[PDB]
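A.B. asks: Submitted below is the structure of interest, expressed as structure tokens.
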Amino acid sequence: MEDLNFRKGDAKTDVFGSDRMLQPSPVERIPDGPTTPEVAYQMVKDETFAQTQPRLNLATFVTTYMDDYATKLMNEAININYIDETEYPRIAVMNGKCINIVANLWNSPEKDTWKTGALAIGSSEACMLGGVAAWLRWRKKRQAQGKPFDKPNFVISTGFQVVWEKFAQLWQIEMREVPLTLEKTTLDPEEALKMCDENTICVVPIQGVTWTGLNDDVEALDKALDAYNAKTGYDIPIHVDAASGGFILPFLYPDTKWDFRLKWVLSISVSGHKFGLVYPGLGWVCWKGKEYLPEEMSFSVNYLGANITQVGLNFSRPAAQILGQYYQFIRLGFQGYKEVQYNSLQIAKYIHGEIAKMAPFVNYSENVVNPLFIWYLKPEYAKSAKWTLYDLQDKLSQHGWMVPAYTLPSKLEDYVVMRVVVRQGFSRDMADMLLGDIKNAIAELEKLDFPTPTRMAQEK
Amino acid sequence: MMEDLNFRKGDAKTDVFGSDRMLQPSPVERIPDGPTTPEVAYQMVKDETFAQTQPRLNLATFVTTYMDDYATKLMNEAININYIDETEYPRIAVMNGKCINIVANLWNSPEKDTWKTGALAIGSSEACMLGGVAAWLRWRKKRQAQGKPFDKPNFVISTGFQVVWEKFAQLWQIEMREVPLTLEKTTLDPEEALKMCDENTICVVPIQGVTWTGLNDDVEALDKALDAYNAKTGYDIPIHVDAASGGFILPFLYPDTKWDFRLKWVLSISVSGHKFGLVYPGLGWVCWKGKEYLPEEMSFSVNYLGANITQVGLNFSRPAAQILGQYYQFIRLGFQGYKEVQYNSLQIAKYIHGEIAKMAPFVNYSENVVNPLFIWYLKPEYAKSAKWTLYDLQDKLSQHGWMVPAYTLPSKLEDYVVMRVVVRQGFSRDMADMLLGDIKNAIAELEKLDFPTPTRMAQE
Amino acid sequence: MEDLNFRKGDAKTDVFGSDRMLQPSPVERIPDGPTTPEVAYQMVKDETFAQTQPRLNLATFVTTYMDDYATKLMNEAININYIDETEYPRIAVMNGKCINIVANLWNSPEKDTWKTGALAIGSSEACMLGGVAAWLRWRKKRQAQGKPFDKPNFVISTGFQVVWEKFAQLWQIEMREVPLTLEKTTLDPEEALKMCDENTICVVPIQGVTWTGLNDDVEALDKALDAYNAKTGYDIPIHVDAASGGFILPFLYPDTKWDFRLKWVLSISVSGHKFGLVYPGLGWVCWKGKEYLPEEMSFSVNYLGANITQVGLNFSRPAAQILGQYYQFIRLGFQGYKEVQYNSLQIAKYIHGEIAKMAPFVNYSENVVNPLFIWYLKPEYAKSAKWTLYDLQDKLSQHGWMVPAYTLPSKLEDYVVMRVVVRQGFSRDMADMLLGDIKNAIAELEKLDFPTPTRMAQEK
Amino acid sequence: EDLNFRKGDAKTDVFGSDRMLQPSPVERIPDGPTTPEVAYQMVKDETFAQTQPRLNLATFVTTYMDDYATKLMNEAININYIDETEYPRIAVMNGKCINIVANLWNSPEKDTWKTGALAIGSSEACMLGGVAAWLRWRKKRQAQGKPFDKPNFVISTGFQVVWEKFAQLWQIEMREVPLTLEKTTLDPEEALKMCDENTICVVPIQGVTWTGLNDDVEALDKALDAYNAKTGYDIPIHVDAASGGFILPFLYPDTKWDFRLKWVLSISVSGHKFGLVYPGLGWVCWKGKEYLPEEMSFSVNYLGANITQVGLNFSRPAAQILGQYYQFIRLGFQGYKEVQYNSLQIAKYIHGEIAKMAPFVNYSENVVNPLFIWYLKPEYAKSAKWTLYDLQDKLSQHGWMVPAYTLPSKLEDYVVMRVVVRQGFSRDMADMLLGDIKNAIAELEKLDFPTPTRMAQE
């Protein structure tokens, strides 16, 4: 009783006894014919094995863990198109309720029950929407005064996230960067105001800088910007890129004035899928009032029912992240968020302290205000050391970690640093595992008799 | 002898619907002060999703509402994979590129590079904007080189455009020139489009699968008409095809229809992977005819997620599950498999199209169904004496869970109230008989009215 | 390679790329051949989409939610046939323990450890067993007295559940109905006694009338019946139809005398699958003592093992509901049930209160004693209104709700009422959603310029 | 240190708690609640010490369905069927099942929606047919001026208990036709001798529970035609086809037993036996609309607009309707034929192997349903120290339930044993059962003294 079609893929075929699993996956062209689901499931699934596991990815800021109930909740929503708001009006309201909670978390003074804000895939779309809003407000203002409005610019630290580089390029807007130095490790207000002019649409301080993990002083900028705006009448506003810190500061630092409590903060953006505790696909942008979102940016659609009004760059998109965000708000509340972020900050502080005790390392800062920090080699140690932080990254890669090594932005580009991000799901126990692996890697690297390639490059 | 004092407060013995929390409203304005149990929070969010249309009964949407069990398992397992971390997850980055290769070859790309030029997108929205910005930037580069001005760009499109092109016009301040629809000209006529083209026209946008009508603009006729215009003027006006729906229908069911990179002036094409690419929401693709048509400005590199990460796109951090799903579909189905599924959707649309024409009040907008969707409206003779409109039929079907949208057509057909049915994968012949039965039952009830409906009165 | 049997249903077949999904489901005859399991699962499952979701069914009294553990427990018992008591003696014992708990909940004075009662599919069979028991007791009595017993009759309010009409027709027993008035909204004893005679087998007061949500005064009926029986010697007993109230009164109204505490209450029936919190398929009937269950009604079986004795109309049946009921008793206890029913009552009271504040509505009763209530249009409002409650029902149906509209029983047949049932799994949050939909629906209906069909019929 | 570990908190281990040192409630509802995991175990653990369903060879009711049907039915656990206004698609699906069943039984009815009703099992299905035959008979006798106060019906002594309930609960006289070795099923002439003007119907059985045989319906229909022509009593047949209703159309299509016969006006079956659905399914069909009394139909006003249905039960689970419709689509005629063929072959195989054993003799040489009975060879039983009750106890020690019982009237001296082969009982499980029996026989033959049941037989 032999099965004639066993290898061709029939009801009796075992996946790894088949002809298809002796053939490579398609690179250029769609295969002419189908295979069984099990076969196709393995061929795709098996390719994802040979890469970093998400919970050991310490490079990313983006959430890699949610509890079983949120995961089930979002998995059940995998086939819900959010933009079909006529079909799914309850999710449209839930989305709006999330926006209100976020805006109230940021101390919005807006009295409308439905606060002014928009859903986003991440900080990318959220930041671009805020910038286009400031651009359109600025163009509208300059026309009324007869001044020209064909050469806009915006000011930001060199520790900017790449999305602002897209914003500059894709909208042909000039980016004016304020460099980083050891004396000024975050955005200095004086240095920023010297680059402001009549064509500056906004200044972008960052809460949770990706390169350094620090917070630009938003209140000091608001203080400096008030005198400058009174002196020139340029009426230059602030937009806060709070991609990380937006869900950290309200709970752990409620008294730090950085948000809509400030006069010149007219809009804020955050990544819900970073420290908003939601799986990838969530960003928020809120405005201080209805008047700061230009009427031009609102749109209406007729062929999904009676009417849908939207702000946003994307249209059709998954709704699962909205369910996840609302779940997180209800499941945790203010206390729950506070305790979870406290854990991430405490664990980040702990690694930060243990890294400082190690002979080759020195921390870029003495204060840890986000669940992330950077460090580099002691300059005295680096001169005689045969390895760089790039080599330490490779050692940790062999145990599954991804701890990224990179050079700092402009004027600190000589500094090779390493960054660790502590997200929810990274415990004290996992930190001890990482610290042991780092110490072991240092001992192995210290036995080298010759410099590594990266160490030789560093000698110019 | 065994009373639980904290039963209602939410402890280990609490029943969700015997607790105080389920006697309280869900938060609208502010985050709750404290937490609840996971089961409580799961219900409060999940229960709000009940009172709306079920996705398989949403005949308004084009976006996939069904995938097989293996793809669903595959994508749910990828819920915590951030695609953009390409240093951490290089295999999905390669898989993404292999998908782009497959799509570009599906569209008959002549590019000889193994890695075709294209980019991942959340949907047709981002894909179209990237294609439009690409056409904008090439045109700017041309006008600068020739000393001509480049401060007043425009693009041409039919009035049956999808809303994303209006966003493109508004958010980039680019002029949209619309070609109206008539009963004589139900799709984009090339001659009328050419009348609106000039030295400042960055591209013309024909649509494959017009959302309003389900028809295809004749791309080749446009390409031929555009070639004569460009030869006379030297304006070098290219085509970008908005193939949101038809992009995954035409290669399989109409392989010889010349509409893609086989045409001289088709320099880029966009499609929604989450419509007839058969993937859950969150997927769009855009391809360019060659490497030279994607401006160097549109490419960017990031330093702090690992070694080097380079990618075109508006979004950054995003879910990766849709990439696994799209690649899964290609292997699982192949060309034959895709062909068979789309054939089913087109046949079922044709069948409903045929049965709708047989009904006394209805007439179909077109005699040819080339996409798995179609529109119809009331017979003018019937409409004069009828007391109801298609809006009333929409509400009747809503009582049985259906969403079949009624709307007025775009410019010059705005007097026509039409109804649209979209046949996606997961919508069978049996489900069509159920909908047709509900329509016939709804007609008989509506014909019993003695007075006109409000919507019927508004019309006259 | 091409797969030749892809559409015929083989190992590579996609459900919605197959010939079967281009064919209608069988209406008249069994299909000649088989299909694949996935195909058959979809063809059946897809038909269930286009109807009310159970949690939005406010018409039903039957449980639509159980916790995850009860559901898992019952699903694991799907293949256990209860009647095989020799094979499954532990469930047979478990069934008897449930009967004991119910009888003690109703203050049974029976001294036997194993109380007298029987399992039922629902209130239907439970009521018929109680009625047939009362019928046979009366037959035995009239034989002893030499009186005739060929013309039996029972008394009940016009607000009876249809099972009593089944009992009357299927057993050819005369039903004598006591009408409802606004002065007498429940079964009045004086008028009820007027229909009693020597041939009355029992009177059936109802706890939780389906039409109104009210409770017949069992104690007042028992008091009048004690005097009547002393004067006539007819020996008329009570059977309480407590389908709903049977699981409400012991927890929320323990001191309301209505059960076996009364002299003439000889049997009681209830729906376990309504407010006993069990999925469909559970009913209980209890007698005050062994002497009130006629020996004729009991039977023994020889072919499933040793000996099996049963009272009941059904034989083979699922056992999961017994496991579910016993689980609920252990999991909740008295406090747990009390807390769940209190939530359901408070939510019903809350909706009841909000409905009274609305301009078109007036409540049938001011006191809510079951998690249900009815209301109708204010008569002054109804005269000038263009819509009826039937029109409101269809409006809510368009959002997925099912809220039933119907005419009341005898002497109130002119009254169109609407009923809302608050079961476990219907939260305060869902009540706000429902109320919002009603307010919005009222605003839509008041915009009518002409009366609806149902409104024209009411002018009679 | 967690102070409330034993009281049931977030850290409590189920079996380190005070509750698991306490008995399950017997008389009264517990005063307070417990955690779900605790309550789940307390209920689940009581179900262990009894027969496993796949080893329960006494029952006729399905103990296995495939994974897709099981998932389909589990997902419908909260759907009350009777709310047809809310769930109109299931009401149609139920009617489509009734049409398929009636056409399976060769209904001559021309109406698209065939005449029939849903039932929890053969119990409710049979009673609905009986009440229908009772009401038709009353209506007939009223028109003729004849009396209608003393009805009776005729059935074999091998009746299933639901007919005794019908007799008792409706006060209708049951006239029983005894079983003999000469007449192993309902003999038609003996049945006719007990009929009179007060006979509402005769009940032949397809799949007798005691014996596994089929009453000859055509012979009854032929004999009843002559009797009805002679008397004008107009006595009809109702077939209790609880088991055979889903066997005969597929494996014996040419056997005339159903609506092809003149006097078969109604048929009932158990969907949860050989209809291949989990417990909770029965069907009754009538030959035409005229044979279902208008009195038996009812309408409700408070669930939706109007709901009309025929049945004893009202609210009930809908999962069995989904399961039945799935089975019709998934298997079809070819699929059903193959499954029942497998069950019959396995029954035939065990029957043959049982005959080869020294102590056993089969009650019949023909196996027409996936079940059969046998008893001890009379010569062997006289000198044997054990009965089939003892063999039942032997097999129970390995988890089997193979029931031993005495036959109905006139064969009450025969202690028999029955094996039912449902879907999910394979050739491999049959070899396992046969091996256990051979081992049990060898153990029992080593007895030196008679068992208690063997002394009672003396």
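Within each chain, counting starts at residue 1; across the structure tokens, chains are named A, B, ... in the order shown, with ligands numbered 1 upward in that order.
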If you run DSSP over the backbone, which residues in segment 37-84 of chain D end up helix (DSSP H, G or I)? Put them as a PDB file with N, CA, C and O atoms, in the first residue's frame.
C.D. replies:
ATOM      1  N   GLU D  37     -10.647  27.982  39.283  1.00  0.00           N
ATOM      2  CA  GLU D  37      -9.790  26.772  39.131  1.00  0.00           C
ATOM      3  C   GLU D  37     -10.197  25.727  40.176  1.00  0.00           C
ATOM      4  O   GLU D  37     -10.295  24.541  39.804  1.00  0.00           O
ATOM      5  N   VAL D  38     -10.423  26.144  41.426  1.00  0.00           N
ATOM      6  CA  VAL D  38     -10.868  25.233  42.478  1.00  0.00           C
ATOM      7  C   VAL D  38     -12.199  24.595  42.098  1.00  0.00           C
ATOM      8  O   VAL D  38     -12.349  23.368  42.117  1.00  0.00           O
ATOM      9  N   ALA D  39     -13.186  25.425  41.745  1.00  0.00           N
ATOM     10  CA  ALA D  39     -14.501  24.904  41.383  1.00  0.00           C
ATOM     11  C   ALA D  39     -14.436  24.034  40.133  1.00  0.00           C
ATOM     12  O   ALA D  39     -15.168  23.042  40.022  1.00  0.00           O
ATOM     13  N   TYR D  40     -13.572  24.388  39.176  1.00  0.00           N
ATOM     14  CA  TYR D  40     -13.442  23.576  37.968  1.00  0.00           C
ATOM     15  C   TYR D  40     -12.952  22.170  38.294  1.00  0.00           C
ATOM     16  O   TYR D  40     -13.476  21.186  37.759  1.00  0.00           O
ATOM     17  N   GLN D  41     -11.957  22.055  39.174  1.00  0.00           N
ATOM     18  CA  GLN D  41     -11.440  20.741  39.544  1.00  0.00           C
ATOM     19  C   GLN D  41     -12.471  19.951  40.339  1.00  0.00           C
ATOM     20  O   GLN D  41     -12.686  18.761  40.084  1.00  0.00           O
ATOM     21  N   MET D  42     -13.115  20.604  41.310  1.00  0.00           N
ATOM     22  CA  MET D  42     -14.076  19.924  42.174  1.00  0.00           C
ATOM     23  C   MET D  42     -15.179  19.252  41.362  1.00  0.00           C
ATOM     24  O   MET D  42     -15.651  18.167  41.719  1.00  0.00           O
ATOM     25  N   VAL D  43     -15.602  19.883  40.264  1.00  0.00           N
ATOM     26  CA  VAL D  43     -16.601  19.277  39.389  1.00  0.00           C
ATOM     27  C   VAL D  43     -15.954  18.267  38.446  1.00  0.00           C
ATOM     28  O   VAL D  43     -16.452  17.148  38.276  1.00  0.00           O
ATOM     29  N   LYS D  44     -14.851  18.660  37.801  1.00  0.00           N
ATOM     30  CA  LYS D  44     -14.192  17.782  36.834  1.00  0.00           C
ATOM     31  C   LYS D  44     -13.752  16.471  37.474  1.00  0.00           C
ATOM     32  O   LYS D  44     -13.860  15.404  36.857  1.00  0.00           O
ATOM     33  N   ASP D  45     -13.242  16.535  38.707  1.00  0.00           N
ATOM     34  CA  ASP D  45     -12.677  15.348  39.343  1.00  0.00           C
ATOM     35  C   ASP D  45     -13.734  14.293  39.635  1.00  0.00           C
ATOM     36  O   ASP D  45     -13.412  13.100  39.697  1.00  0.00           O
ATOM     37  N   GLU D  46     -14.990  14.702  39.830  1.00  0.00           N
ATOM     38  CA  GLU D  46     -16.037  13.722  40.095  1.00  0.00           C
ATOM     39  C   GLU D  46     -16.383  12.894  38.867  1.00  0.00           C
ATOM     40  O   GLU D  46     -16.876  11.774  39.016  1.00  0.00           O
ATOM     41  N   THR D  47     -16.105  13.399  37.664  1.00  0.00           N
ATOM     42  CA  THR D  47     -16.443  12.683  36.439  1.00  0.00           C
ATOM     43  C   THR D  47     -15.443  11.590  36.080  1.00  0.00           C
ATOM     44  O   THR D  47     -15.691  10.840  35.130  1.00  0.00           O
ATOM     45  N   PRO D  53     -16.574   7.479  27.559  1.00  0.00           N
ATOM     46  CA  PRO D  53     -17.609   7.362  26.514  1.00  0.00           C
ATOM     47  C   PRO D  53     -17.220   6.486  25.334  1.00  0.00           C
ATOM     48  O   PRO D  53     -18.078   5.760  24.816  1.00  0.00           O
ATOM     49  N   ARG D  54     -15.962   6.521  24.887  1.00  0.00           N
ATOM     50  CA  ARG D  54     -15.590   5.705  23.735  1.00  0.00           C
ATOM     51  C   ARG D  54     -15.555   4.219  24.073  1.00  0.00           C
ATOM     52  O   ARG D  54     -15.623   3.386  23.162  1.00  0.00           O
ATOM     53  N   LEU D  55     -15.460   3.874  25.354  1.00  0.00           N
ATOM     54  CA  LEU D  55     -15.517   2.493  25.805  1.00  0.00           C
ATOM     55  C   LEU D  55     -16.906   2.104  26.290  1.00  0.00           C
ATOM     56  O   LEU D  55     -17.099   0.971  26.740  1.00  0.00           O
ATOM     57  N   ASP D  67     -12.855  17.105  14.574  1.00  0.00           N
ATOM     58  CA  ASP D  67     -12.455  18.329  15.259  1.00  0.00           C
ATOM     59  C   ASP D  67     -13.234  19.544  14.774  1.00  0.00           C
ATOM     60  O   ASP D  67     -13.506  20.458  15.561  1.00  0.00           O
ATOM     61  N   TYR D  68     -13.607  19.577  13.494  1.00  0.00           N
ATOM     62  CA  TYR D  68     -14.277  20.755  12.953  1.00  0.00           C
ATOM     63  C   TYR D  68     -15.724  20.844  13.420  1.00  0.00           C
ATOM     64  O   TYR D  68     -16.197  21.926  13.786  1.00  0.00           O
ATOM     65  N   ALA D  69     -16.450  19.725  13.397  1.00  0.00           N
ATOM     66  CA  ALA D  69     -17.810  19.715  13.924  1.00  0.00           C
ATOM     67  C   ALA D  69     -17.828  20.055  15.408  1.00  0.00           C
ATOM     68  O   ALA D  69     -18.720  20.773  15.877  1.00  0.00           O
ATOM     69  N   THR D  70     -16.853  19.543  16.164  1.00  0.00           N
ATOM     70  CA  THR D  70     -16.801  19.812  17.598  1.00  0.00           C
ATOM     71  C   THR D  70     -16.584  21.297  17.868  1.00  0.00           C
ATOM     72  O   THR D  70     -17.262  21.894  18.712  1.00  0.00           O
ATOM     73  N   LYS D  71     -15.622  21.903  17.167  1.00  0.00           N
ATOM     74  CA  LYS D  71     -15.399  23.341  17.274  1.00  0.00           C
ATOM     75  C   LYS D  71     -16.648  24.122  16.881  1.00  0.00           C
ATOM     76  O   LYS D  71     -17.037  25.080  17.560  1.00  0.00           O
ATOM     77  N   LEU D  72     -17.278  23.727  15.771  1.00  0.00           N
ATOM     78  CA  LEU D  72     -18.491  24.391  15.304  1.00  0.00           C
ATOM     79  C   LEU D  72     -19.578  24.373  16.372  1.00  0.00           C
ATOM     80  O   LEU D  72     -20.239  25.387  16.622  1.00  0.00           O
ATOM     81  N   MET D  73     -19.785  23.215  17.006  1.00  0.00           N
ATOM     82  CA  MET D  73     -20.852  23.092  17.995  1.00  0.00           C
ATOM     83  C   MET D  73     -20.485  23.784  19.304  1.00  0.00           C
ATOM     84  O   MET D  73     -21.350  24.381  19.957  1.00  0.00           O
ATOM     85  N   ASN D  74     -19.211  23.715  19.704  1.00  0.00           N
ATOM     86  CA  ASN D  74     -18.775  24.389  20.926  1.00  0.00           C
ATOM     87  C   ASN D  74     -18.953  25.897  20.821  1.00  0.00           C
ATOM     88  O   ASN D  74     -19.275  26.566  21.809  1.00  0.00           O
TER      89      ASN D  74
END
A.B. asks: Quick one: which residues from chain C are at most 9 Å off chain A, using only C-alpha atoms, as a list in words?
C.D. replies: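 Matching residues, ligands excluded from the count: residues 1, 2, 3, 6, 10, 11, 12 and 13 of chain C.
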A.B. asks: In Å, how far is it from atom CA of residue 405 of chain C to atom CA of residue 88 of chain D?
C.D. replies: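 Atom CA of residue 88 of chain D lies at a distance of 17.0 Å from atom CA of residue 405 of chain C.
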A.B. asks: Report as a compact mmCIF listing (two decimals) with C-alpha atoms, in the first residue's frame the set of chain B residues whose atoms approach chain C to within 6 Å, with distances computed over only C-alpha atoms.
C.D. replies:
# COMPACT_ATOMS: atom_id res chain seq x y z
CA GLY B 18 -20.86 40.46 39.96
CA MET B 22 -19.29 46.34 35.69
CA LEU B 23 -21.77 48.74 37.33
CA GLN B 24 -19.58 51.68 36.26
CA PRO B 25 -19.24 53.30 32.82
CA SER B 26 -16.15 52.90 30.70
CA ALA B 51 -22.78 46.43 18.60
CA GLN B 52 -21.47 46.91 15.06
CA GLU B 340 -8.62 30.43 -8.57
CA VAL B 341 -9.52 32.62 -5.58
CA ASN B 344 -14.31 32.85 -7.45
CA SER B 398 -28.65 46.67 8.32
CA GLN B 399 -31.39 45.02 10.39
CA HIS B 400 -30.03 41.63 9.25
CA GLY B 401 -26.40 42.59 9.87
CA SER B 428 -19.34 32.39 -0.96
CA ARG B 429 -22.17 31.72 -3.40
CA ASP B 430 -24.22 30.62 -0.39
A.B. asks: Report as a ChimeraX atom specification all protein, DNA and RNA residues lying within 12 Å of residue 406 of chain A, evaluated on only C-alpha atoms, omitting residues in the same chain fewer than 4 positions from it.
C.D. replies: /A:59,210-212,374-376,388-393,412-419,454 /B:302-308
A.B. asks: DSSP on the backbone: which residues in segment 156-335 of chain D end up as strand (DSSP E)? Give the answer as a ChimeraX atom specification.
C.D. replies: /D:156,173-177,199-203,237-240,264-270,282-286,298-300,307-309
A.B. asks: Could you pull the residues within 10 Å of residue 123 of chain D, counting only C-alpha atoms, minus those fewer than 5 positions along the same chain, as a list in words?
C.D. replies: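 Contacts, with the query itself left out: residues 312, 313, 314, 315, 316 and 317 of chain C; 128, 160, 161, 162, 163, 165, 166, 240, 242, 268, 269, 270, 282 and 283 of chain D.
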A.B. asks: Keeping N, CA and C atoms for every residue in the selection just given, could you write it to a file as a PDB file, in the first residue's frame?
C.D. replies:
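See again.pdb below for the written result:
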ATOM      1  N   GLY C 312     -39.358  11.956  33.611  1.00  0.00           N
ATOM      2  CA  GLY C 312     -39.054  12.939  32.592  1.00  0.00           C
ATOM      3  C   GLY C 312     -39.698  12.627  31.263  1.00  0.00           C
ATOM      4  N   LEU C 313     -39.819  13.676  30.444  1.00  0.00           N
ATOM      5  CA  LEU C 313     -40.316  13.518  29.082  1.00  0.00           C
ATOM      6  C   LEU C 313     -39.204  13.103  28.125  1.00  0.00           C
ATOM      7  N   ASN C 314     -38.025  13.702  28.266  1.00  0.00           N
ATOM      8  CA  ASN C 314     -36.880  13.367  27.436  1.00  0.00           C
ATOM      9  C   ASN C 314     -36.117  12.190  28.035  1.00  0.00           C
ATOM     10  N   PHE C 315     -35.294  11.562  27.198  1.00  0.00           N
ATOM     11  CA  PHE C 315     -34.470  10.444  27.632  1.00  0.00           C
ATOM     12  C   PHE C 315     -32.999  10.777  27.410  1.00  0.00           C
ATOM     13  N   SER C 316     -32.456  10.398  26.256  1.00  0.00           N
ATOM     14  CA  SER C 316     -31.098  10.797  25.905  1.00  0.00           C
ATOM     15  C   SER C 316     -30.996  12.316  25.807  1.00  0.00           C
ATOM     16  N   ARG C 317     -29.928  12.872  26.369  1.00  0.00           N
ATOM     17  CA  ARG C 317     -29.755  14.318  26.413  1.00  0.00           C
ATOM     18  C   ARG C 317     -28.304  14.626  26.786  1.00  0.00           C
TER      19      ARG C 317
ATOM     20  N   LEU D 128     -44.255  13.061  19.818  1.00  0.00           N
ATOM     21  CA  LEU D 128     -44.912  13.952  18.869  1.00  0.00           C
ATOM     22  C   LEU D 128     -45.658  13.159  17.803  1.00  0.00           C
ATOM     23  N   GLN D 160     -38.740   0.549  23.329  1.00  0.00           N
ATOM     24  CA  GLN D 160     -37.900   1.430  24.120  1.00  0.00           C
ATOM     25  C   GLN D 160     -38.780   2.210  25.092  1.00  0.00           C
ATOM     26  N   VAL D 161     -38.201   2.566  26.241  1.00  0.00           N
ATOM     27  CA  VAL D 161     -38.974   3.042  27.388  1.00  0.00           C
ATOM     28  C   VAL D 161     -39.848   4.262  27.093  1.00  0.00           C
ATOM     29  N   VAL D 162     -39.524   5.014  26.036  1.00  0.00           N
ATOM     30  CA  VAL D 162     -40.258   6.280  25.722  1.00  0.00           C
ATOM     31  C   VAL D 162     -41.735   5.989  25.426  1.00  0.00           C
ATOM     32  N   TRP D 163     -42.050   4.799  24.909  1.00  0.00           N
ATOM     33  CA  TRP D 163     -43.428   4.421  24.625  1.00  0.00           C
ATOM     34  C   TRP D 163     -44.202   4.087  25.891  1.00  0.00           C
ATOM     35  N   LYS D 165     -43.601   5.657  28.766  1.00  0.00           N
ATOM     36  CA  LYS D 165     -43.903   7.010  29.223  1.00  0.00           C
ATOM     37  C   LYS D 165     -45.093   7.581  28.468  1.00  0.00           C
ATOM     38  N   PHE D 166     -45.079   7.460  27.139  1.00  0.00           N
ATOM     39  CA  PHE D 166     -46.193   7.930  26.323  1.00  0.00           C
ATOM     40  C   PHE D 166     -47.506   7.319  26.790  1.00  0.00           C
ATOM     41  N   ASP D 240     -40.804   3.828  14.725  1.00  0.00           N
ATOM     42  CA  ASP D 240     -39.752   4.262  15.637  1.00  0.00           C
ATOM     43  C   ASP D 240     -38.442   3.754  15.052  1.00  0.00           C
ATOM     44  N   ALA D 242     -35.344   4.975  15.576  1.00  0.00           N
ATOM     45  CA  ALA D 242     -34.309   5.649  16.355  1.00  0.00           C
ATOM     46  C   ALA D 242     -32.902   5.353  15.851  1.00  0.00           C
ATOM     47  N   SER D 268     -39.815   8.639  13.021  1.00  0.00           N
ATOM     48  CA  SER D 268     -38.958   9.328  13.977  1.00  0.00           C
ATOM     49  C   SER D 268     -37.611   8.625  14.068  1.00  0.00           C
ATOM     50  N   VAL D 269     -36.583   9.394  14.437  1.00  0.00           N
ATOM     51  CA  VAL D 269     -35.210   8.905  14.488  1.00  0.00           C
ATOM     52  C   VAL D 269     -34.451   9.699  15.544  1.00  0.00           C
ATOM     53  N   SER D 270     -33.343   9.129  16.015  1.00  0.00           N
ATOM     54  CA  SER D 270     -32.414   9.821  16.901  1.00  0.00           C
ATOM     55  C   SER D 270     -31.247  10.334  16.068  1.00  0.00           C
ATOM     56  N   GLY D 282     -33.043  14.768  17.719  1.00  0.00           N
ATOM     57  CA  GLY D 282     -34.030  13.817  17.238  1.00  0.00           C
ATOM     58  C   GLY D 282     -34.876  14.472  16.169  1.00  0.00           C
ATOM     59  N   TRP D 283     -35.384  13.655  15.247  1.00  0.00           N
ATOM     60  CA  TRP D 283     -36.206  14.146  14.149  1.00  0.00           C
ATOM     61  C   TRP D 283     -37.490  13.339  14.040  1.00  0.00           C
TER      62      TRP D 283
END
A.B. asks: Using only C-alpha atoms, can you tell me which of C:282, C:48, C:249, C:29 comes closest to residue 326 of chain C?
C.D. replies: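 Closest candidate: C:282.
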A.B. asks: Can you check which residues of chain D have any atom within 9 Å of chain B? Use only C-alpha atoms and format it as a list in words.
C.D. replies: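 Residues satisfying the distance criterion: residues 8, 9, 10, 11, 30, 31, 32, 33, 34, 35 and 36 of chain D.
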